[PDB]
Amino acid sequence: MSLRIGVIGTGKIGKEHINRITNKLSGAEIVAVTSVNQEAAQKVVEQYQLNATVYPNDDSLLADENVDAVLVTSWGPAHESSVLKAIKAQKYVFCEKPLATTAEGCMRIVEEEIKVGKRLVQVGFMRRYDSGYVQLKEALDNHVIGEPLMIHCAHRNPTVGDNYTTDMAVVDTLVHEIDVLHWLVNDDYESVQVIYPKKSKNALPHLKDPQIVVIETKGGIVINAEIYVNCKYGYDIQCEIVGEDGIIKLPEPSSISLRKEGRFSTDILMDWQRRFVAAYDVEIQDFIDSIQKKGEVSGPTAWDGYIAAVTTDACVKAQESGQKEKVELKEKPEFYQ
């Protein structure tokens, strides 16, 4: 019957996932809430009419035996702590990115989970659940294009706020590409390099934008990723995989077409929140269903969180040094193989 879920962190995306579980998905219910702000957390149970005790902290909510699983949706740097705790409490955990702000912290989560002996942790890299990326994965697995040789991608955003900084280009933005690409081609990153084109007029003086990130896999796949967060025209994810015998490419989001005033056109999304809305529903549903059927989670793993953490670090180092940097990856544990 219903999977009982506690929510750690009721900001925007905590409110979204709650709405999801309460009003859209099957098999689960929100029974507990927290942080930080005792208020607001109470305002959230109000807003959504929840049968939910407002606990004052992780351990508190995590103490409850009427909670089977948790969503960690709080401030990024807070994640590692709550995840560790929930693992010790042996509850299933869905953790929004990042798993932890350091590779060391991801490694600690990895260590703990391996002790429990089964997969409790799923990281919220929703792109793997998007129908376009699923199709790309299927085509590759069915050897449609032969071996992958190169990947060209772009992650574009119309404009960012004052506080968006150069490192966020890789840490908050490219991390999605970083997680999804190694999954697609099943190969590990080896080296990264960052090249800066002239700065766009739309970027604030403190921010280096756009940038080009070149990544090589151990297999020798070269990825060039454009990141351009002040592109003005829209929010835009583009991904092209070049293989030996052919090329596959991610599709545009669905739009009606329009002939009008001398132009034939389709819409480009302006809002990042509309790009992957279905994927978010799918990943949470899969969280719920995996548990109810397999006694463990199925999505991106604690190791995937670690791979991202390490890769983003090398990228930031590449941003600073302007040189080709190594990606320091431990061999993958048997437990995640």
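Numbering starts at 1 and runs along the sequence shown.
Stretches 81-89 and 231-239 differ in mean C-alpha B factor, with the higher average recorded for 81-89. Just going by the entry, 206-214 versus 90-98 on mean CA temperature factor gives the higher value to 90-98. Note on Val310, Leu269, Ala279, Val45: the highest value goes to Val45, judged by CA B factor as recorded. When the CA B factors of the chain's modelled residues are split into thirds, the value for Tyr189 lands in the middle one. Among the modelled residues of its chain, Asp64 has a C-alpha B-factor that falls in the highest third according to the deposited record. The deposited CA B-factor of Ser74 belongs to the highest third of values across its chain. The deposited CA B-factor of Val123 belongs to the lowest third of values across its chain.
In this PDB entry, the Cα temperature factor of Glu111 sits in the top third of its chain's modelled residues, the highest group.
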